[PDB]
Each structure stands twice: as structure tokens, then as C-alpha cells.
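Numbers restart at 1 for each chain; the letters A, B, ... are given by sequence-line order, proteins then strands. Hydrogens, waters and symmetry mates play no part in the numbers below; they use all other heavy atoms, side chains included. Ligands are counted one by one from 1 in listed order, and the atoms in each one are counted from 1 as well.
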2 protein chains.
Amino acid sequence: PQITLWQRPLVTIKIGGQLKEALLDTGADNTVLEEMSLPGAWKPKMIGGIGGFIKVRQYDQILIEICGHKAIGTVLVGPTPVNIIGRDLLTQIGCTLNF
Amino acid sequence: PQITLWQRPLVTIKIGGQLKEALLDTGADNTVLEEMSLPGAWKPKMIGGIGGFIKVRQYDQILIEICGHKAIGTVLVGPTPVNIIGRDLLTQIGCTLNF
Ligand SMILES: Cc1c(O)cccc1C(=O)N[C@@H](CSc1ccccc1)[C@H](O)CN1C[C@H]2CCCC[C@H]2C[C@H]1C(=O)NC(C)(C)C
């Protein structure tokens with residue numbers, strides 16, 4: 001699967017039994033999801049982007065299906081306006097930039 | 001040129017006669033550079049990411065060299081902590097996500 005970038009690279013993901021749309025984001029170090037509940041313990045965390053910072057809950061060893069590829073990683077949950085798939089998970093699905 | 005994502009995808013750019021490092025960012029709609037001066041008119045603009053918004057100056061029809069590929073696009077200039085190459089320019093150099 002090749003994905004061109006003329007439109008936002010939004011893919012379907014499955015996480016915590018739920019189906020969501022998320023943006024494949026090579027500029028994000030971490031994967032950040034809009035508010036939802038997940039299993040295990042979590043830790044308070046802060047992540048900065050353009051403009052400022054948000055408070056997030058960090059969950060470890062979470063199973064995620066990304067465009068029908070399975071990966072297990074750390075997911076952050078918090079007041080992001082878009083679900084973000086960052087490099088931590090992009091590497092796990094063998095995602096590369098090519099030109 | 002393929003670029004894997006184990007590290008931040010930082011490339012060399014040349015813009016306004018200057019050499020800079022920038023992040024190939026499929027999660028950004030627009031290209032945003034740290035403070036610098038550029039030719040022609042500019043228009044005030046506000047852009048949001050995670051955490052909040054920043055005020056930027058928008059410059060049109062700017063020549064940029066990205067990984068040694070020439071592109072002419074709109075460049076935003078403002079208080080970003082990282083130079084960001086967004087989809088507007090990524091499409092111009094024929095950049096795709098592959099897995
Ligand atoms: C630069 C830009 C535009 O021109 C237009 C729309 C969005 C953005 C934008 O900032 N996008 C971001 C995703 S967060 C996001 C928010 C809203 C919509 C889509 C993505 C970047 O791809 C990632 N972005 C790149 C970079 C931006 C400058 C600050 C340091 C990083 C922070 C990082 C980021 O925010 N990462 C999180 C882990 C906090 C998610």
C-alpha cells in the first residue's frame with residue numbers, strides 16, 4: 001500500500017475494540033488519541049506541539065490495528081483534535097517515506 | 001530515496017539563499033519555518049497544532065530546495081520550534097508513505 005499526500009493521510013484503526021480514523025504523521029514522535037478508555041495503568045504526561053502543550057494519559061503495551069496491520073506500542077490519550085499515529089507505531093508497520 | 005522512521009525524518013533544505021534542517025511531516029498541511037526573511041508580500045495567518053495556535057507570516061511562490069528537489073510553494077514563517085515541511089511541498093517532490 002502506497003499513500004500519496006494530496007489529501008490528509010487518514011487511515012482506519014482499531015484500538016480497545018473501537019474503530020477510529022487516524023492521521024499517519026511522520027512529524028509526531030508519539031501516537032496520540034482523542035479521549036477514550038484503555039487497559040492497565042497509565043501515567044500523567046505532557047506533550048508539546050505547535051502553539052503549546054496538552055496534558056495526556058500514557059498507556060503502555062496497547063494493541064492497535066493500523067490499516068489492517070497489527071502493532072503493540074505506547075499510546076497517549078488526551079485533548080488532541082485529531083487521532084495521531086506517530087513514528088513509534090509507523091516503524092512497527094514498516095512505514096517509510098519515498099520519493 | 002527512501003527514508004525510514006526510526007529517527008525523526010530531518011532533511012536539508014535551501015530557502016532564501018540559506019541552508020536549514022527541516023522535518024518531513026505528513027501530519028502538517030502547511031510548511032512552517034522558524035523566523036527568517038523572504039521575498040515579496042506576506043499575509044498574517046494563524047495556525048493551530050496540538051496545544052494551541054501560533055501567529056505566522058504567509059509567503060507565496062517561494063522557491064525551496066528539499067533533499068535536492070526544487071519546489072515552489074507557500075511558506076509560513078513564525079515561532080515554530082522545528083522547521084516543518086508539510087504536504088503542500090511533500091506532494092511537489094513526489095513524496096509518498098509506503099508500507
Ligand atoms: C504544522 C501543521 C499545519 O500546517 C496544519 C495542521 C497541523 C499541523 C501540525 O502541527 N501537525 C502536527 C500533528 S497535530 C495536528 C493537529 C491538527 C491537525 C492535524 C495534526 C505535526 O504533524 C506533528 N508536530 C510536528 C512539530 C510541530 C512543531 C512543534 C514540534 C513538533 C510537534 C509535533 C506534534 O504536534 N506532535 C504531537 C505528538 C504532540 C502530536
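- The shortest distance between side-chain heavy atoms of B:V32 and B:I47 falls below 4.5 Å.
- When B:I50, A:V56, B:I85 are ranked by how near their heavy atoms come to atom 37 (C) of ligand 1, first place goes to B:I50.
- The distance criterion of under 3.5 Å between nitrogen or oxygen atoms is not met by A:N30 with respect to ligand 1.
- Proximity to A:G27 (heavy-atom distance under 4.0 Å) selects the following atoms of ligand 1: 23 (C), 24 (N), 25 (C), 33 (C).
- Proximity of B:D25 to ligand 1, defined as any heavy-atom pair under 4.0 Å, is confined to the side chain (atoms from C-beta onward).
- Put simply, the side chain of B:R87 never gets that close to the backbone of B:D29: no donor and acceptor are under 3.5 Å apart.
- A side-chain donor-acceptor contact under 3.5 Å links B:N83 to the backbone of B:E34.
- Judged by distance alone, the side chain of A:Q92 and the main-chain N or O of A:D88 form a donor-acceptor pair under 3.5 Å.
- Of all atoms in ligand 1, listed by their number and element, those nearer than 4.0 Å to a heavy atom of A:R8 are 18 (C), 19 (C).
- Residue contacts with ligand 1, taken as heavy atom pairs separated by less than 4.0 Å, involve B:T80 solely via side-chain atoms from C-beta onward.
- If you look at B:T26 next to ligand 1, there are no close heavy atoms at all, none under 4.0 Å.
- Within ligand 1, the atoms closer than 4.0 Å to a non-hydrogen atom of A:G49 are 29 (C), 32 (C), 35 (O), numbered from 1 in the order shown.
- Checked for salt-bridge contact, A:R8 and A:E21 miss the test: no charged N lies under 4.0 Å from a carboxylate O.
- Among all non-hydrogen protein atoms, the one lying nearest atom 15 (C) of ligand 1 is A:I84 CD1, 4.3 Å.
- The closest donor-acceptor contact from the side chain of B:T80 to the backbone of B:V82 lies under 3.5 Å.
- Considering each of B:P81, B:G86, B:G48, the one bringing a non-hydrogen atom nearest atom 29 (C) of ligand 1 is B:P81.
- Checking side-chain atoms of A:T31 against main-chain N and O of A:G86 turns up a donor-acceptor pair under 3.5 Å.
- Under a 4.0 Å criterion applied to the non-hydrogen atoms of A:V82, ligand 1 contributes the atoms 17 (C), 18 (C), 19 (C).
- With B:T26 contributing its side chain and A:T26 its backbone, the two residues share a donor-acceptor pair below 3.5 Å.
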